[PDB]
Structures are given as C-alpha cells and as structure tokens.
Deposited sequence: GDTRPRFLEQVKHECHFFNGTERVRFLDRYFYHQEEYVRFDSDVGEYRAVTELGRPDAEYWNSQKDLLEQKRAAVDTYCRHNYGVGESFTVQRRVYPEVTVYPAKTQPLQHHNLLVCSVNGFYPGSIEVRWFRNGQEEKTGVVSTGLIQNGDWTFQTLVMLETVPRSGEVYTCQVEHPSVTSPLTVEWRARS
C-alpha cells in the first residue's frame, strides 16, 4: 500500500521520592526517531538529530516559550501527580497465588499491583535458591501484573513445598504449600 507518515509527541514527567525532585521532557518524534526535546534539567530545547535543529533555534528564541516550559514541572507534572495519586501511586491489589505441578512445580502469582514483588520457593522449611526459573514480570495491560516462578524438581512423597510471596499489598508474607 501507500507510504505512511507518523508524528508523535511525548510530554514526560519523572518523579523521584514523590514530588521532591521532578524532571520534565517535551519530546517530538518523526516516525520512530526523536528529533528535538526540552529537558527541564537543561533549560532549553536541543536538537536530538540534525532534523530538529530548526525547531530548537525557533523555540529557543522566544523567552515566553521557554518560560512556560521551565515552569512545567510545577504547572503540569506536580499538579497531575497530585490529581491521581490516590488511585495510581497508592493503588494496591492482592497477589492471587496458585501452586500446581508441570517435571516442574509452578507458582503462578496473578492480579497484583504494583509490580515489584518477591516470590521464593521452599522445601521442608529450607529455601530453594537453585533451579528456580521465573518468566519475569508480565504486564496484563489492565493495571495488574502476573508472574510464574517455577521450581525444577521431581515431586516426592513426604516432601513439603512452599511458595512464599511478598508484596506491598500484603501485611505479612503469603504462603501456599503443595504436597505430593
């Protein structure tokens, strides 16, 4: 089919330790290539590629333009952070845990938020640190993550296996044990 032409723009707000430190970026893209940007730690627009030089010189020559962008960390970022803080930065959803066999022992952790999580495998009270394979953190695209942490072993009688999940949504470790 006929050629396509894509334009993208990204206004980014990077927060560190809440709103104590904030960095603002006004990014412009032609197709997949960023050609010009304003970095609040720099103070003015800079060409990212030669294609963006025209825009840097043009925008930088307007005092009022730079003035507005220099105040974006406050008039934009900080204001928006405060707006959704209760349902984003503070969002908490419990990890659903399920242990099933597959030879592997799988510990599937589903529907949790935020993303940082700790999943550990135990056998008769002793942690198994070798032979543990994780699929990594998987984003479901609906404000919930999921992860599968497998333990490479041959399930046996008398053996007790435990999956221990630690997450910000839980007050104390969540454990689910499996026995053959």
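J.: Counting from residue 1 of the deposited sequence, where are the gaps with no C-alpha coordinates?
T.: Model skips 1 to 2, 105 to 112, 191 to 192 of the deposited chain.
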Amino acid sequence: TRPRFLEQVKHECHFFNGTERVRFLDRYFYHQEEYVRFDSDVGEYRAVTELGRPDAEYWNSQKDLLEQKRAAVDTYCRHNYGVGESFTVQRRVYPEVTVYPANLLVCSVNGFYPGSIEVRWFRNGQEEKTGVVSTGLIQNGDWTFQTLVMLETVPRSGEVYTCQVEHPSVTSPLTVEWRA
From here on, numbers count along this sequence of modelled residues.
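J.: Which wins on mean Cα temperature factor, 126 to 134 or 143 to 151?
T.: Mean C-alpha B-factor is greater for 126 to 134.
J.: Determine, for stretches 117 to 125 and 24 to 32, which one has the higher mean CA B-factor as deposited.
T.: Averaged over C-alpha atoms, the B-factors run higher in 117 to 125.
J.: Quick one: which of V109, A71, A102, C77 shows the highest Cα temperature factor in the PDB entry?
T.: Within the set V109, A71, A102, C77, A102 shows the top C-alpha B-factor.
J.: Give the position of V165 by CA B-factor within its chain, expressed as the lowest, middle or highest third.
T.: As the PDB entry reports it, the C-alpha B-factor of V165 lands in the middle third of its chain.
J.: Just say lowest, middle or highest third for the CA B-factor of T1 relative to the other modelled residues in its chain.
T.: Highest third - that is where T1 ends up once the chain's C-alpha B-factors are sorted.
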